[PDB]
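Chemist: Here goes the first bit of my complex:
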Amino acid sequence: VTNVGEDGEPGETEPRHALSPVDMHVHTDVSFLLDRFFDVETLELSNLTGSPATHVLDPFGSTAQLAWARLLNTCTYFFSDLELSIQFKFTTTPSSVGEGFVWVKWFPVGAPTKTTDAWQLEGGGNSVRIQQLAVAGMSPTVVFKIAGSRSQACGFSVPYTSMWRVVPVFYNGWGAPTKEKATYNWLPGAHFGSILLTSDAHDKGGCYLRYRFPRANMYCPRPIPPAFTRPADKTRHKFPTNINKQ
Amino acid sequence: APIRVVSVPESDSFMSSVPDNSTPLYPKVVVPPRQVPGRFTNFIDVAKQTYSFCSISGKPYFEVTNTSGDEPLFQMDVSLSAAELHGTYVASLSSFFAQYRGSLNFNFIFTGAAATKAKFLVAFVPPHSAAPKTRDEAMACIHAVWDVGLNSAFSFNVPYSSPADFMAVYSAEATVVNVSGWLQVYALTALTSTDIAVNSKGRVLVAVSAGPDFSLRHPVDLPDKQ
Amino acid sequence: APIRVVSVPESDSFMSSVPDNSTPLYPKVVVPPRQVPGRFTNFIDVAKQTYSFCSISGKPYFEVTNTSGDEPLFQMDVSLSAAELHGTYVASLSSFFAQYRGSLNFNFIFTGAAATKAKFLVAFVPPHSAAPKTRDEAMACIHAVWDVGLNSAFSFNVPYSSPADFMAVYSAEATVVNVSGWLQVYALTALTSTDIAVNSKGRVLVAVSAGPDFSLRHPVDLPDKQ
Amino acid sequence: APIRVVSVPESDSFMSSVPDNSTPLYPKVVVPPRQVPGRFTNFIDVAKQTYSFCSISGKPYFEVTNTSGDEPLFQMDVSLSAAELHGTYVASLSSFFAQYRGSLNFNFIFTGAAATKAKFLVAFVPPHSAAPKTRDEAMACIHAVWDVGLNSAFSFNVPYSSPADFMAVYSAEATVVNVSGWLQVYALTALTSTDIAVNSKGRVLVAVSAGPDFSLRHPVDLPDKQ
């Protein structure tokens, strides 16, 4: 009704002159936001010996009070590639480790996983045994030493290996014919694969896993959960900040 | 033949957001065609093409009754940290960033019965000593008269007015880049009905959208919950 | 003049499959011409242009006798981890990879004498509660009628039917990307012969080839034997 | 494939002023248009287009009285470290550099009343045994006669005369590149007034500007205060 300004008639609104651009919406770009390293997960090393289990790279159903957790939960289907940074931080005395090789093995979505120490290295009496699936071969094996290491880390890029054209972040159905409470929001292979960290350190320290998601694509936006509580009616939340009145 | 190279002091460090990729170890994987509808590339677009309902006292609406007048029915300070903007998409998306720029579009939807009618005065009050308490006070400001029964829905744009090019997403004790004023809605007339025993009150749903000039910059990490 | 360089943190690491070569220390070796027939460049080609025999109870065939009917003579679940696909080239090649896509071609060769005849019904049954027990049950599915004595050999294609673009090579407790159903062969009629004392049974050899649309991706390392 | 590289000995060092940038970690920030008047790009321009007042005994001027003659009213040695150049822009800007080149422009402004008059002789005396004590001595040098009452303001250029292409900003015990001589101002006549009881003295403000050929080189760090 009437539309634009200053007569005050019913339905009439005053003039507004829209602002000019400046930032160009570059920062709200989906793939820009996800192409950075995020500290998601922290994990323990397995001993060289025994029958270790692989850790699945699935950052999807998180509750973590971190920016990547909510963000990954903003869409229904997701596709992206992956980059990893694995670091190693001592939890004991750094002089406990004189060599400290760490074998990292990455497995594509669908890879077989049973391993037991099976590859023997021999030298002057004593010997060392590594896992059947830690050896360098078909899938990537990375070996880094923690001892004098200036960064006690490694890192590499890996692609989207799932069989699904897109990863369902939410799934209204079951991933298996038997409908068990377990297979509910499920679907097999909705992830990035799995890794196996193995080392004579294992005690002595842990890791720090960071994910970077290059080439991200999101489908079907979903509600974004709050992050903070609701302040009192008619008030404003007040947070500590850079700006703030001294 | 070996190239003379000098190692920078920041040498073996991490730096999380480097503009460069790591070395690939599992080449040549061709990915299946992903048809699938509804891909979005920028969060600002879904913020602009979509509306959420505000949280007025925990409900997505304010009420007019057959007894109203003077006092403001809805009042919220213009800051993304405002309470009534709590459950919204725009407010929630904002927590990922440090600064915002632009307008917010609010649209009120009167859901009182067809046999019901009322008129509202909605005002945008700029920063001031203390917020008006009655409508005769606020009506000196930018305002619009909404006569339901002409249009059941009404859109009002809260403008961006500030000496700074961007304002803060995360508010705190009032600063010059913290708050931009208040949005208030008054009842120009109380609810009238065909039978006050059947319809004594009507609810106005209030929804928010990012305005056409709205923008967000500076991605930030989540601080301790509060 | 020395170039400013920054050492990445993953610096002195190994990474087994880097897409790059090591430094050469024994240059200029010209290798003799290698004529030699039968070079192959891709394993999928030899899998498609070649057939292997299945392992039905340890033999490369199933039998029809003069007493048969109802019950299935051959049954195998559609998964490369199936038992009857055990000694085959396609199954064995598959263990090097994580995922597969496409169809399998099965061809049955009746080796019963020329004085012998029988008819078979071969069906592809999709995933279901539990696999048919008689042919009148299975015949509701995709099936073909093979009358020996028309052609002594018969090719049947097990299709690829799944919501996923690839399925798993390494099966396990039934999942939606583990199994694709069952392949069954029934006797439409029992073996007839010119003299039942001379020929009482006939054997059908069953061979598998990779279908035209078959493919394998994701090379994987061998796990503990089982 | 890995490139043969040789690490220079000055390898992991700092070197504060390297002509190169560090690695960026927070890309793509478009900065708001900064209109704002009065941007300056080179300090020498503001030094040349601007004047400051000297510090003659703590005041920005020297005085002539009805009793003057002979003796110099103002005397300063030509060095940026001179006392009377103390509070000035040119002197202060100079402390950021090691060497200077060029002339200085001094302009005297007579602020005595309109009913007042006097004449000055301003001389540039080159390095010498010891500085003239009377004007008949200095008048043998480069000098100008300023008759107030012709022009109330008078500009005089102290030239650059030296065998070196630049001289030192930071002076010390007299060297050949430390000092360039003296600037003196004498009273050719004492102040005359319409009534000596009302106006007995008049003040000449003295201001300095960088000359057209003035320049500064070699940025230097601030030493201990003195």
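Modeler: Looks like it came in fine. Residues are numbered from 1 along each chain as shown, chains lettered A, B, ... in the order given.

Chemist: contacts, neighbours, all on C-alpha from now
Modeler: Noted.

Chemist: OK, now which residue of chain A is nearest to chain D?
Modeler: residue A:23 (5.1 Å; C-alpha to the nearest C-alpha).

Chemist: That residue reaches residue B:218, doesn't it?
Modeler: No: using C-alpha atoms under 8 Å, residue A:23 is not in contact with residue B:218; the gap is 9.9 Å.

Chemist: what about stretch B:198-218, near chain A?
Modeler: Yes: counting by C-alpha under 8 Å from any C-alpha of the partner chain, contacts between stretch B:198-218 and chain A involve B:212-213, B:215-218.

Chemist: Chain B: helices as residue ranges?
Modeler: B:43-48, B:89-94, B:135-138 (DSSP state H).

Chemist: buried sites along the shortest one?
Modeler: Think helix B:135-138. B:135, B:138 (16 or more other C-alpha atoms under 10 Å in any protein chain shown).

Chemist: Likewise for the first one?
Modeler: Of all the residues in helix B:43-48, those buried under the rule 16+ other C-alpha under 10 Å are B:43-48.

Chemist: same check, this time on stretch A:173-184
Modeler: In stretch A:173-184, counting by 16+ other C-alpha under 10 Å, buried: A:174-176, A:183.

Chemist: same question, stretch B:152-165
Modeler: In stretch B:152-165, counting by 16+ other C-alpha under 10 Å, buried: B:152-161, B:165.

Chemist: what's the first-to-last distance across that stretch?
Modeler: Stretch B:152-165 has an end-to-end distance of 35 Å (criterion: C-alpha to C-alpha, to the nearest Å).

Chemist: what do you get for stretch B:151-166?
Modeler: Stretch B:151-166 has an end-to-end distance of 34 Å (C-alpha to C-alpha).

Chemist: which residues sit against it?
Modeler: Stretch B:151-166 is contacted by residues A:11, A:13, A:16, B:99-111, B:122, B:124, B:144, B:146, B:177, B:180, B:183, B:211, D:32 when judged by C-alpha atoms under 8 Å, 6 or more residues apart in numbering or on different chains.

Chemist: From the chain's centroid, how far away is it?
Modeler: In this view, stretch B:151-166 has its centroid 10 Å away from the chain centroid, taken as C-alpha atoms, centre = their mean, to the nearest Å.

Chemist: So which of the buried residues of stretch B:152-165 are in strands?
Modeler: Members of the buried residues of stretch B:152-165 lying in strands (criterion: DSSP state E): B:153-158.

Chemist: Reformat these as CSV; add distance to residue D:222.
Modeler: As requested, those are exported to CSV (distance: C-alpha to C-alpha, whole Å):
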residue, distance to residue D:222
B:153, 68
B:154, 65
B:155, 62
B:156, 59
B:157, 56
B:158, 53
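
Chemist: Pick the one among those closest to residue B:87.
Modeler: Comparing these against residue B:87 with C-alpha to C-alpha places residue B:158 closest, at 18.5 Å.

Chemist: measure the closest one to chain C for me?
Modeler: 48 Å (C-alpha to the nearest C-alpha, to the nearest Å).

Chemist: With residue B:139 instead?
Modeler: 61 Å.

Chemist: now swap in residue B:37 and tell me
Modeler: Distance of residue B:37 to chain C, computed by C-alpha to the nearest C-alpha: 17 Å.

Chemist: got the contact list for that residue?
Modeler: A:219-220.

Chemist: so what's residue 23 closest to, chain neighbours aside?
Modeler: Answering for chain A, as no chain was given. residue D:30 (5.1 Å; C-alpha to C-alpha, 6 or more residues apart in numbering or on different chains).

Chemist: right idea, wrong chain: chain B
Modeler: Leaving out its chain neighbours, residue B:23 is closest to residue A:156 (C-alpha to C-alpha, 6+ apart), at 4.9 Å.

Chemist: Put this one in as chain E:
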Amino acid sequence: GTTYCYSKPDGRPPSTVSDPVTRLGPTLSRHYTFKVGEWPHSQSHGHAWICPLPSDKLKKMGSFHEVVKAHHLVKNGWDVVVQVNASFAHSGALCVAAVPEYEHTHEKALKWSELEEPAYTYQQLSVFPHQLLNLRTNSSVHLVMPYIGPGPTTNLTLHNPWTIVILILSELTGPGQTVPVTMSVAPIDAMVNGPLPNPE
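Modeler: Below is chain E, added to the chains above:
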């Protein structure tokens, strides 16, 4: 007014099935009409009727039901019209949305039920394809949805991509009687795969 959810439906056959696909014509996958429930004065904002499509009502989808029942996979969209029967003295408003991969349902999986949405959800349900059903202006919502899912087709027994959420934003006030919520569902561009055995 018709709202298309994400895009218009297509009749393209699934990229991942090399077996014969049967296109059910309109006269085969017909249309079915249900009463969703009754909206009462006592129920409060946030309350929602959750209607995954179809799975608890597949057995009442006559023709379509018979065909789907006999095959393993199905690709298809839906054409739904939700209505409400209220007088012009009733006040209130719903938000009826079409949600891909809706979940909450505490594994009462694929059953039409009623729940209480959690605030940030009812506030933001409008972020999904939807339409408001304000009792002072309209009585219907019309949504048309394309096939959607992680793969080119699914098994409706184990997965219901689309689920219709009818949510109360403004409570029912006015005349004491309830307002019945009604819904017509019509499978669209249905394609079926791999026939199952005879049921003996």
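
Chemist: Go back to the buried residues of stretch A:173-184, now with chain E?
Modeler: Buried, per 16+ other C-alpha under 10 Å, within stretch A:173-184: A:173-177, A:183-184.

Chemist: nearest to chain B, of those?
Modeler: Of those, the one sitting nearest to chain B (C-alpha to the nearest C-alpha) turns out to be residue A:173, at 18.0 Å.

Chemist: Tell me, how many residues neighbour the closest residue to that closest one other than its chain neighbours?
Modeler: What sits nearest to residue A:173 in space, not counting adjacent residues and going by C-alpha to C-alpha, 6+ apart, is residue E:159, at 4.1 Å. Residues near residue E:159, counting by other C-alpha atoms under 10 Å in any protein chain shown, number 23.

Chemist: Do I have it right that residue E:159 meets residue A:176?
Modeler: No: using C-alpha under 8 Å, residue E:159 is not in contact with residue A:176, being 10.4 Å away.

Chemist: hmm, back to that, list just the nearest of the buried residues of stretch A:173-184 to chain E.
Modeler: residue A:173 (4.1 Å).

Chemist: circling back: would you turn the buried residues of stretch A:173-184 into TSV with secondary structure and distance to residue B:115?
Modeler: Below are the buried residues of stretch A:173-184 laid out as TSV (DSSP: H, G, I helix; E, B strand; the rest coil; distance: C-alpha to C-alpha, whole Å):
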residue	secondary structure	distance to residue B:115
A:173	strand	45
A:174	coil	48
A:175	coil	51
A:176	coil	54
A:177	coil	54
A:183	coil	51
A:184	coil	47
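
Chemist: from these, which single one is nearest chain C?
Modeler: residue A:176 (4.4 Å).

Chemist: Residue A:46: neighbouring residues, count only.
Modeler: For residue A:46, the number of neighbouring residues by other C-alpha under 10 Å comes to 22.

Chemist: give me every residue that touches it.
Modeler: Applying C-alpha under 8 Å, 6+ apart, we find residue A:46 in contact with A:52, A:196-199, A:202.

Chemist: Swap in 6 Å and give it another go.
Modeler: A:198, A:202 (C-alpha atoms under 6 Å, 6 or more residues apart in numbering or on different chains).

Chemist: I'd like to know how far it sits from residue D:103.
Modeler: From residue A:46 to residue D:103 the distance is 77 Å (C-alpha to C-alpha).

Chemist: Do you have the helices of the chain handy? List them.
Modeler: In the absence of a named chain, this looks at chain A. A:30-34, A:69-72.

Chemist: try chain E instead
Modeler: Under DSSP H, chain E gives helices at E:62-69, E:120-124.

Chemist: Buried residues, the longest one. List them.
Modeler: Neighbour counts over helix E:62-69 (16+ other C-alpha under 10 Å) mark E:63-65, E:67-69 as buried.

Chemist: Dump those residues into TSV; add distance to residue D:187 as well.
Modeler: Formatted as TSV, those follow (distance: C-alpha to C-alpha, whole Å):
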residue	distance to residue D:187
E:63	121
E:64	117
E:65	119
E:67	120
E:68	117
E:69	119
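
Chemist: can you give me the strands for chain E?
Modeler: Counting by DSSP E, the strands of chain E are E:2-4, E:21-23, E:32-39, E:47-52, E:71-84, E:91-100, E:113-116, E:130-134, E:140-145, E:162-173, E:179-195.

Chemist: Give me whichever of the ones you listed is most buried.
Modeler: Most buried of those by mean neighbour count (mean count of other C-alpha atoms under 10 Å in any protein chain shown) is strand E:91-100; its value is a mean of 26.

Chemist: By proximity to chain B, which residue of chain E wins?
Modeler: residue E:91 (4.2 Å).

Chemist: Chain D versus the residue lying closest to that residue once chain neighbours are set aside, what's the distance?
Modeler: Excluding its sequence neighbours, the residue lying closest to residue E:91 (C-alpha to C-alpha, 6+ apart) is residue B:113, at 4.2 Å. Distance of residue B:113 to chain D, given as C-alpha to the nearest C-alpha: 49 Å.
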